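Worksheet: the structure to be examined is printed underneath.
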Amino acid sequence: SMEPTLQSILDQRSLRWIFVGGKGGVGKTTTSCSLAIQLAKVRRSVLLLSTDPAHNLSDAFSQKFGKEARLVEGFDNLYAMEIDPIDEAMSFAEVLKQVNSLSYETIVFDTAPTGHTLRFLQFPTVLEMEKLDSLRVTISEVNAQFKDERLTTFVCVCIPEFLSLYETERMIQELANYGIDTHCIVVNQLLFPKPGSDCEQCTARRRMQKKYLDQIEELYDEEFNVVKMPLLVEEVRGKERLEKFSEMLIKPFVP
Amino acid sequence: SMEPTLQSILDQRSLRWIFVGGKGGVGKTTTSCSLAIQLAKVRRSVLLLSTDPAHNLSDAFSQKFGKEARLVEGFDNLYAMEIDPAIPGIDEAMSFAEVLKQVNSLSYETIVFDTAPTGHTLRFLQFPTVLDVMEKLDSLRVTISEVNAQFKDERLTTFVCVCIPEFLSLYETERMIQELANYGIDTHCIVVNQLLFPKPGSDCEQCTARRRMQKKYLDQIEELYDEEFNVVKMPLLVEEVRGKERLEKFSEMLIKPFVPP
Ligand SMILES: Nc1ncnc2c1ncn2[C@@H]1O[C@H](COP(=O)(O)OP(=O)(O)O)[C@@H](O)[C@H]1O
Ligand SMILES: Nc1ncnc2c1ncn2[C@@H]1O[C@H](COP(=O)(O)OP(=O)(O)O)[C@@H](O)[C@H]1O
Ligand SMILES: [Mg+2]
Ligand SMILES: [Zn+2]
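Chains as they are written, first to last, in my numbering: chain D, 31 to 285; chain L, 6 to 266.
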């Protein structure tokens with residue numbers, strides 16, 4: 031059993047590429063932000079980077095963002111940008127490369143669902159004139175970065191419900207197969223009924239969710255920071271609301 | 006104002022390709038099923054076809070499915086299958102195009118498609134307008150302007166839009182409906198999903214507040230689209246919607262409004 035908190039990612043300075051994965055709408059984006067916001071507080075600079083074809087960085091922050099970096103309003107520290115790149119994975123490689131050797135200390139990546147993330151990792155192994163070798167070279171480098179776990183982890187976002195956790199599983203697992211590190215799970219949108227209330231629906235639900243959770247724990251307790259975040263009444267938008275949510279990431283809502 | 010039900014899709018016999026779209030996890034797959042289930046009840050046969058680079062038909066029905074058609078357990082009528090297909094997007098759509106052509110020539114009377122994210126269906130459209138060996142660019146040519154014919158024909162093809170009350174989802178439904186407009190393709194239904202109506206008689210801050218927050222959205226959807234979209238409302242159930250059994254039930258509401266006071 032480890033802290034149910036991301037404190038550890040705060041602590042691990044080595045980190046250069048933090049990847050947030052999970053299933054469509056489990057709340058990936060929302061975290062990516064929260065996480066950045068939180069790192070942004072304790073790093074020199076943090077670049078938040080969306081690849082998802084539909085970008086919601088902007089929407090999340092209420093702020094037009096481009097393939098051009100820029101300061102996030104209400105910060106001096108944190109930057110965000112939204113771009114889009116057999117062979118789609120090649121344009122992606124290029125971005126990381128150039129970015130990687132940018133003057134940003136840590137990057138939190140947002141992207142197209144476990145799906146693309148997946149195919150891409152697989153790739154290198156796929157390939158198994160001198161520009162042939164030139165490409166090879168760089169991929170190879172990039173891949174190593176990936177396996178180096180001082181430089182790269184994944185956070186797993188998910189909510190309690192069959193189809194999401196089933197990804198988080200496979201995902202964690204391929205991450206294992208490809209020799210890439212990952213030790214956090216943001217289980218999100220938990221419903222805790224407000225104490226003192228009897229309310230069929232909330233009770234019943236906390237029941238149904240609870241069930242999943244317990245599992246998650248039992249499975250992963252010992253090796254994953256398993257973070258628990260409350261499902262808020264309102265969407266999580268605005269620097270303001272996001273800062274707040276992001277707190278919990280770091281110190282457990284425990285009501 | 007039209008009925009808040011998909012009765013119209015049951016009624017519209019000409020339909021051949023029903024596409025269910027919306028944002029990741031708003032409940033696309035679940036409807037696709039429910040919708041097929043219900044059509045299945047009043048068509049000769051229905052093919053439920055997934056492209057999501059995912060395997061969620063199976064998971065939804067608890068049943069291994071493949072690029073090979075097959076009978077859905079507990080039905081004699083309904084079939085489901087799951088596959089995955091110098092430019093980029095180009096190779097890709099080529100693929101998809103070929104699927105449909107392929108599949109349009111089976112007996113199945115009506116097909117309900119499940120698929121890869123607005124991004125992907127979107128690429129498809131932007132693409133055409135845009136767009137004994139080589140004698141072959143001719144053949145694709147042909148395949149697209151027909152396929153794309155059938156997209157533009159509103160006797161053969163609509164979209165159903167799925168979504169739930171929350172900023173980001175509805176903002177897609179909007180753009181989507183809109184591009185659908187721009188590309189001359191029909192669409193006239195909205196399954197707003199996951200509504201929370203508090204059980205009557207219950208005072209319960211959170212449920213109240215939420216019904217408040219969602220309600221706000223809904224009222225809107227209605228005002229804007231009341232007059233021209235069947236705006237269907239579906240309750241958010243305690244348990245996941247899996248199993249033929251559970252999906253049958255759910256799907257009912259698709260057709261006859263959950264209306265609890
Ligand atoms: N714990 C939560 N409570 C309330 N709203 C949330 C929560 N997590 C996410 N949301 C809202 O629900 C939507 C889903 O979050 P998002 O990060 O966009 O998911 P994804 O990017 O994984 O599809 C967003 O509109 C967000 O504001
Ligand atoms: N209205 C609802 N009530 C209860 N559970 C639902 C409802 N809609 C969807 N679900 C379940 O939520 C999860 C996601 O639904 P899904 O159809 O997979 O979304 P998508 O296909 O858009 O990614 C699945 O558990 C689904 O069965
Ligand atoms: Mg789906
Ligand atoms: Zn309640």
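Cβ coordinates follow ideal geometry from the N, Cα and C atoms, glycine included.
Would residue i and residue j be called neighbours here (beta carbons separated by less than 8 Å)?
{"i": "residue 278 of chain L", "j": "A91 of chain L", "result": "For residue 278 of chain L there is no data in the structure shown, the boundaries of chain L being 6 and 266."}
{"i": "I280 of chain D", "j": "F254 of chain D", "result": "no"}
{"i": "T212 of chain D", "j": "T183 of chain D", "result": "yes"}
{"i": "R49 of chain L", "j": "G94 of chain L", "result": "no"}
{"i": "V117 of chain L", "j": "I23 of chain L", "result": "yes"}
{"i": "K106 of chain L", "j": "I88 of chain L", "result": "no"}
{"i": "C186 of chain D", "j": "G57 of chain D", "result": "no"}
{"i": "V236 of chain L", "j": "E245 of chain L", "result": "no"}
{"i": "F275 of chain D", "j": "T60 of chain D", "result": "yes"}
{"i": "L261 of chain D", "j": "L221 of chain D", "result": "yes"}
{"i": "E177 of chain L", "j": "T123 of chain L", "result": "yes"}
{"i": "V51 of chain L", "j": "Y113 of chain L", "result": "yes"}
{"i": "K177 of chain D", "j": "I210 of chain D", "result": "yes"}
{"i": "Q43 of chain L", "j": "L76 of chain L", "result": "no"}
{"i": "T81 of chain D", "j": "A119 of chain D", "result": "no"}
{"i": "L165 of chain D", "j": "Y208 of chain D", "result": "no"}
{"i": "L243 of chain D", "j": "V217 of chain D", "result": "yes"}
Is there at least one non-hydrogen atom of ligand 3 closer than 7 Å to the beta-carbon of residue i?
{"i": "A234 of chain D", "result": "no"}
{"i": "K33 of chain L", "result": "yes"}
{"i": "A121 of chain L", "result": "no"}
{"i": "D57 of chain L", "result": "yes"}
{"i": "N61 of chain L", "result": "yes"}
Using a beta-carbon distance below 8 Å, is residue i in contact with chain D?
{"i": "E244 of chain L", "result": "yes"}
{"i": "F172 of chain L", "result": "yes"}
{"i": "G26 of chain L", "result": "no"}
{"i": "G124 of chain L", "result": "yes"}
{"i": "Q211 of chain L", "result": "yes"}
{"i": "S207 of chain L", "result": "yes"}
{"i": "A91 of chain L", "result": "no"}
{"i": "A85 of chain L", "result": "no"}
{"i": "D64 of chain L", "result": "yes"}
I'd like to know if residue i contacts chain L, where contact means its C-beta is closer than 8 Å to some C-beta of that chain.
{"i": "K224 of chain D", "result": "yes"}
{"i": "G54 of chain D", "result": "yes"}
{"i": "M238 of chain D", "result": "yes"}
{"i": "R267 of chain D", "result": "yes"}
{"i": "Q93 of chain D", "result": "no"}
{"i": "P83 of chain D", "result": "yes"}
{"i": "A234 of chain D", "result": "yes"}
{"i": "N86 of chain D", "result": "yes"}
{"i": "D140 of chain D", "result": "no"}
{"i": "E118 of chain D", "result": "yes"}
Between residue i and ligand 4, is the CB less than 7 Å from at least one heavy atom?
{"i": "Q231 of chain D", "result": "yes"}
According to DSSP, what are the bridge partners of residue i?
{"i": "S55 of chain L", "result": "L:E87, L:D119"}
{"i": "residue 359 of chain D", "result": "The shown model of chain D, from 31 to 285, leaves out residue 359 of chain D, and the question about it has no answer."}
{"i": "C186 of chain D", "result": "D:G51, D:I215"}
{"i": "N255 of chain D", "result": "D:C214"}
Would you say the beta carbon of residue i is closer than 7 Å to some non-hydrogen atom of ligand 1?
{"i": "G226 of chain D", "result": "no"}
{"i": "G27 of chain L", "result": "no"}
{"i": "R166 of chain D", "result": "no"}
What do you reckon, is the C-beta of residue i under 7 Å from a heavy atom of ligand 2?
{"i": "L193 of chain D", "result": "yes"}
{"i": "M239 of chain L", "result": "yes"}
{"i": "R18 of chain L", "result": "no"}
{"i": "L242 of chain L", "result": "yes"}
Can we count residue i as close to ligand 6, meaning its CB is less than 7 Å from some heavy atom?
{"i": "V256 of chain D", "result": "Ligand 6 is not among the ligands present in this structure, which contains only ligand 1, ligand 2, ligand 3 and ligand 4."}
Legend entry - In chain order, each beta strand (DSSP E) run of at least 3 residues that lies wholly inside the region 84-143 of chain D: 108-112, 136-140
Inset, instruction - Give, in chain order, every unbroken run of the alpha helix (DSSP H) that is at least 4 residues long and sits entirely within the region 50-77 of chain D. - result: 58-70
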